[PDB]
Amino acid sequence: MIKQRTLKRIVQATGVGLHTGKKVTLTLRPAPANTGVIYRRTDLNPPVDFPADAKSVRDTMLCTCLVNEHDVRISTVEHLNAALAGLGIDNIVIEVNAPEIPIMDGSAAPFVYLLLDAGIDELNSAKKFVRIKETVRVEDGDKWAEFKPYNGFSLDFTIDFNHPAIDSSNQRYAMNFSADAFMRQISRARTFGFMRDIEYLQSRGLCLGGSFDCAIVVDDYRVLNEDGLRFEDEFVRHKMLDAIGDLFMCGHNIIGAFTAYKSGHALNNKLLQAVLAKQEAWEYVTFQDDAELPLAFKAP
């Protein structure tokens, strides 16, 4: 039996929230079998819990923001979610004392190190996967995102930026997903901002925790970061990282093929919700026989 995974020990990471610019303490706790992925706001009395549910994504303006019925929020969940998806963590209590996950370096890599430092633990319960059984597409003008049946997990993402710095790079990236391929190729890709946008958001009280230490900052012509890019096509690698993170909002790994053109938080959630609402387009699968598991889900 392919077992569910949790953490061996409680870990912590303190940083700043990208938008509030206020100190956030992220506490990752082991959870038993069948609890699922839980986001907790500890700064509240009583604390507020958010089960990983596609429908909780209510604001996709700046990031993937989870909002409950009383306007309690958890934002910037995508980078941490990518790490969780990449390592196949099923049961975990994600605790924050601020309305957002700390930005760290702007990628999923700090969260991967954090999961590794804690150690992955297997539980005596079968790991549930969402298997795509029909093609499901979503559109938003020229942009679209799709899921097709596939025995493993792949991502093919296309960006189209009419920017001197981004177009210079490769704008289409495709990979067969695995814990290894994610860590090596995707996890370290950082988020990116245009100085025009940052200045606008900052005067309105948003992006207060933004710096070069947490993002690729671009002007109207070039990358402003001293040390440059970590990858030639870091832009497209990050867009794929966000998609991995966003799709993980159902809190289970997906067995299927993802394709996108100009997708983002909004569209990634749209497809996720569209697939999940179409009863016949997916099913929960377990692997009582380890031999049946597709190669994509091999151990890290």
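The first residue of the sequence shown is number 1, and the count goes up from there.
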Completion exercise
Comparing 192-200 with 163-171, the higher average Cα temperature factor in the PDB entry belongs to 163-171
Exercise for the section: Higher average CA B factor in the deposited record is what I'm after, so tell me if that's 42-50 or 255-263. Expected result: 42-50
Practice task
Could you tell me which one of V93, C214, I186, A85 shows the highest CA temperature factor in the PDB record?
Solution key: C214
Completion exercise
For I120, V130, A109, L155, the deposited C-alpha B-factor is largest at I120
Exercise for the section: Please place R222 in the lowest, middle or highest third of its chain by C-alpha B factor as given in the entry. Expected result: highest
Fill in the blank from the handout: By the entry's values, the third containing the CA B factor of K143 is the highest
Exercise for the section: Using the B-factor values recorded in the entry, state whether the Cα atom of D233 falls in the lowest, middle or highest third among the modelled residues of its chain. Expected result: middle
Fill in the blank from the handout: Chain-relative C-alpha B factor for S75 (record values, thirds): the lowest
Exercise for the section: Could you tell me which third, lowest, middle or highest, the C-alpha B-factor of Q288 occupies within its chain? Expected result: middle
